[PDB]
Each structure stands twice: as structure tokens, then as C-alpha cells.
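Below you'll find only one chain, the form deposited in one PDB entry, shown as C-alpha cells.
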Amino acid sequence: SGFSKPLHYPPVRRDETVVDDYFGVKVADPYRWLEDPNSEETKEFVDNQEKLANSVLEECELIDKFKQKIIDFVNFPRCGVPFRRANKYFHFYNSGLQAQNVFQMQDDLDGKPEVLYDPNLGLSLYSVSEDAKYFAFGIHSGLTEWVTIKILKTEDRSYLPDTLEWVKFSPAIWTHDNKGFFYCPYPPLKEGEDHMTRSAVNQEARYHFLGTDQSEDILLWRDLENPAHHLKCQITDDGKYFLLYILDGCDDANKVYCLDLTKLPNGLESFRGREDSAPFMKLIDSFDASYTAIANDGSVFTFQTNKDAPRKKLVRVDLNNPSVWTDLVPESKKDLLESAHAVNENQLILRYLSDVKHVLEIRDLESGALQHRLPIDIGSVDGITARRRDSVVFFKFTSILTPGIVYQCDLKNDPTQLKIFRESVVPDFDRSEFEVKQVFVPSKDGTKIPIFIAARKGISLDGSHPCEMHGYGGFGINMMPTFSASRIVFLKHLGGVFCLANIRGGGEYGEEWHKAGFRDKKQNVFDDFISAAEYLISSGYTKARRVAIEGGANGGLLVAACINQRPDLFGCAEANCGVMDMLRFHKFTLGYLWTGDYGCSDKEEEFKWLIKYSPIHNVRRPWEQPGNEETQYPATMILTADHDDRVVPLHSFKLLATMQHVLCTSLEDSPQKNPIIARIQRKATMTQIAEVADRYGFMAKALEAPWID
């Protein structure tokens, strides 16, 4: 047990009268009062948990060495993927440690870059007009996610007066007349609501004319009967059709409404009246499948869909004859079609995920015929933003040992052969001393689970190495082995082995992989992660007390469920912003959007599966189980912010209180010696560095792993 300085756990009050009935099952909730973040008693708790946490971290002598290495390894120039508008190319750049990326512009491909906007004096949703004369961007005013959109002129970097409030994730979609754009804002604030405490409902699709106030924007769609339905939108590369996509919750499923802009007399000004919604052709009007438009030749559209294709495919339909849908690129029986991109007037780039590695195909657009195939090494290719009219395609490659390469491919003039456009370099790190491999590991039920393992070349499998394992396992999210500077520090200066596990609930083998780890089958996700740890131990990478596990949000749920079920297997656990009360999550902020993956304790069958793994309801003293008297919980750090509208911090607080009660303060001479603490952020690159240095310092101490120069 790494930690020797004894622990003074603070008193935490239990309300023994709070009890709820779930279909005849009585569940006590003695920390109900921790659900209010503003009360005197909750603020005292925060203060008491901060004092305990600081005292344990002061014993962790490698925090400072970690912090300086992270800073040094992350301090290198980085280029984003370039995109084209008119004859200008745009990209982001960071020298290394700038708090935000700087936005650059150049005249030709061989042109000299100039600074167009430097925020270093938070910013998302950058979108350049068709003629390259304007750009729209979002500023973050608060602690909440709300964004304000402003527009600049690229010629002199001057602002327009236009200010658009109440945007979240919707970028500006510009019409080809350069007069304005479509976007999807939430309504203005009403009586009784407050900027801090407003919900995000009743989303709208609007058109904004440049040089006007938000209150003049044309209303194209809203639905007051279905307040939770949310929106994304798009315009076709030819400029003729506005596409509106309507979604419900977390599912990979959407509606598709199409508006023919060429049929409107006097453009978007026709709707000045409201008459409240525009005359959309409602091509798809249910939530049965995912649809994303890839191209159109007049009224003939190509779409990517999961309709009777859990690995996805490309289909074609004529809007003038919408009963008839025809396969263009058939579903593969082994590989997921992750994305598709129309390029160079008549070509398609398809990005496949094949045993959790990318493969790129280049095809003919009209026929679907295969022209070239490029398998990619262990890592991830992403960010293809080229449009159909563009002849140069760019994308980014990243991996555990590759900080970032941007590749360039002139499909017109010098085709087939990827040239490096920019390559990032980690300073003072010899990449050739390390390697990454993939193995497939059997889960409890026999299913094979792919995991990646990164380690120093030529190590002995003698059980001696500290090991960190990461996973997520939900929502159809594909977990790729990308670059992290702090992970390099763990590998080099702690002698570590890193493992990424592609457990079920992800999307890696399509929709069947997602469904085998959601709702009634969520327990499969935990079993998959436990199996991976058992493999790392039996194959001789590490041992039980030298395994750390880490994850965030749904990944934090992952960590907490796994330590409740198999505490013997782990020496350290770090849960960042986890969903910990699975009976009550849907009651707070936007947690109601996660019922599609988790179920909801409102329905009796869904309760019965939730109660078995809910973290705050399954904390149990491992030493009281008759064969494992020598087991305790791993040293545990729960990470959160004291205020967080994404995953409310009551989740973390209630768990922390439950663990400290059950394992430490309910009994007189507890075998639990490993510390159970929270690292609480009150209220940016340097903030993030300090969080990660704390977590790795605590990890080194807990696993009794010394520093190596």
C-alpha cells in the first residue's frame, strides 16, 4: 500500500429518513442533500474534501517532475487540417502552449501564411463564407456551453455589428450569394429563466442576413409539440438545397427535410411573414435510421445510412421519385463504413474501420467503382473537409507515438501519392524505443475484444511493469489510439505499459457492437474491461496491485462499476466526471438525453438492470466476502468541478460520500488503507496540465512506481 501518512476523513452527515420506493424495492438516499450545489452544507463538504485531497497529494512527490515533463513534451508547433474557400486556404496553428489556436489564411497552396485572427488577447464554430470575404465564429461568454456568434471581414479583420445569442453546436452555413447563412439557435430567454439555469429546448432553424439584428432572422423550422427534438443542417455543394436533420436523443437516427432554394421567388425573404415553417419536402419523416447526404446531381441524392445495414452503406434516391431507393456502395459484411466524402468533381473517399484501424478507399461517384485502397497503420485518420469542387484532399494522422501529420493529395495533377504537408515532433523523445500492438482477448461470454498495448521494445513479461488501462464503452463511440503528451511521460519516465480496450457499447464493429453493450446488456461493457485487465495480468505485463484504470463521463461510470465488482484487480482508479447515480441521472440538466443507452428507473424492467450496477448503490466492503479477507478498494481519485452543467457534480460527490461511509468511517479499524479522495476543480492548457499532473502523481504513488530519468 503506497501511502503511509494516516488519513483524517471528514464528518459527512447522513439523512436516514430519505427513502424512495421503486416498484416495491426500498432504496435509501442519505446524501440526497449533496444534490444542491449552492447550500452551505454542500459548500463545506467541498471545502473538507479539498483539504483531505491536498494533504494526500502533498505526499505525492512526483507531481512536479510530471508537470514539467508534460509541459516540455507538449510544447511543439501544431498545424490543423487546411480547407479551401474561393482561392484562399485556411488553417489553425499553435506554437505549443498558446491557450488557443490562431487562425491563418494564405493565397495559394504554395502561398505564405498570414494571421487572420489571434484569440490570445474560448472560441469555436469557425466558418468562412463562399467568397472568402467573411468569417463567422463563436465566443464562449460563461461557465455554461452557450456561444455568441460574431462575424469578421477578412480584408481588414474588422467586426460586423451582428451578434447572435443562444447557439450551442451549430456552425454558419453560407448561401452562395454571400448574403447570409443558416444556423440553429435556441429561443431567447423567457420570464423566470436565467442565463445560468435555462434549459436547451424548442430549437429553431433560422436564416441570418448580414448587417442585421438577430430579431430580424427568418424562421424556417420549429416544433412546439416536440420540444426535445434537436437539429443539424447543411447546404449542398451546388448551393441549391438546404438540408435540415432532426434528431431525438442520443440515437444514430434522423429525419431529413429538403428545401429547394431555386424555387423560391425573392429568396429567403419570401418567409418574412413566418407562416411559421417553410415548405420542406419531408424525404424521411421517422427516427428509424441514420441518413447523411454525401452528394447530389440535381434531384438525385447520395446518402450514407444504417437502414438495414448495421455496418452502414451508400444509397441513392431521386427526390422526384422518393419510393425508389437503390444501393450504390453495398454494406460490407466485415467492416464499418465510418464516413464518406465527395471530392474532385466525380470521386468518393470512403473511410472504413477494419478491426479498429482505418482503411481509405477512393471510388468513382457515378458507378461506385473501386479505384484505389490504402490501409492505415495503428492510429487514426480524420478531418477530411474537402468539398466536391476541391481537387486537393488533406487529412490528419495521429497515433500513440505520432503527435500529428497532415497529409496532402492532389487528386487532379499528381494523384495516388500522399505527400507530408506538415509533421509535428515531440522534443527529446526517441519514438523508435517503443511500439504498439493489437491482441484480441476473450470476455466472460467468449466474445473477442480487441485491445491495443503500448510498451517499450524488448521488455520481459515478468509481471513487473506499472500498467494504465483506458476505455469508454457506450453511445456508439469509436475509441482510437491517438496522441497524448502525458501518456509519453508515463511510458518513458514511469516505465509504464499503456492499454486501450475497444469494449462493447462502442461503434467499432457497427450497431451490433453498440447494442451488445447498452440497456439490458450494459454489464457486458464492464465484463469486457475486467477481462482485458485479467489478460494483462496472466500474460505477464503486470500484476493486480500495479494496474491503474482511468476514464471520463460514461468512462467514469466504467471505472466506478469495475472497482465495485472487482476491487482486487486494480491498484489505482481515476474517474473523471462520471455518471454515478443511475437511478436519478435523467432528472438533472441534459441527462434525460442518455436514457436511450442506459434505460430509465421510471420503467420497471429498466430499473432492474440499473440497480445491479449503479455505482452509489453497489459499494460493498470486499473483505467481508468469505474468500477475500485481504482485499481492499484501490486508491481512488474522483475528478470533477464544483459546478458542471454537463454531468452534474452530485454524481461524484454522492459516490465519494458513499465510499468514505461504507469503507472508512462506518467502522472502527478499517482494513481500507488506500485513500479515497476527490480532486475538485473550482470553476485552458495550463489548467488541464495541472489536473493531469495530479492524477499521474497520485497514480505513481498508488502503484509504487518510481521515476526513471
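When you see a residue number, it is the position in the sequence shown, counting from 1. In this text, rigid core is short for the largest set of C-alphas that superpose within 1.5 Å between two forms.
What follows is about the form deposited in another entry, which we do not show.
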Subject >> Residue among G463, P113, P442, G298 whose Cα moves 2 Å or more between the shown form and the other one, once the rigid core is superposed >> reply: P113
Original post:
Is it true that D430 shifts between the shown form and the other one by 2 Å or more at the Cα, once the core is aligned?
Top reply: no
Original post:
After the core is matched up, is the C-alpha of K521 off by 2 Å or more between the shown form and the other one?
Top reply: no
**OP:** For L418, decide whether the Cα shift between the shown form and the other one is 2 Å or greater, given a superposition on the rigid core.
**Re:** no
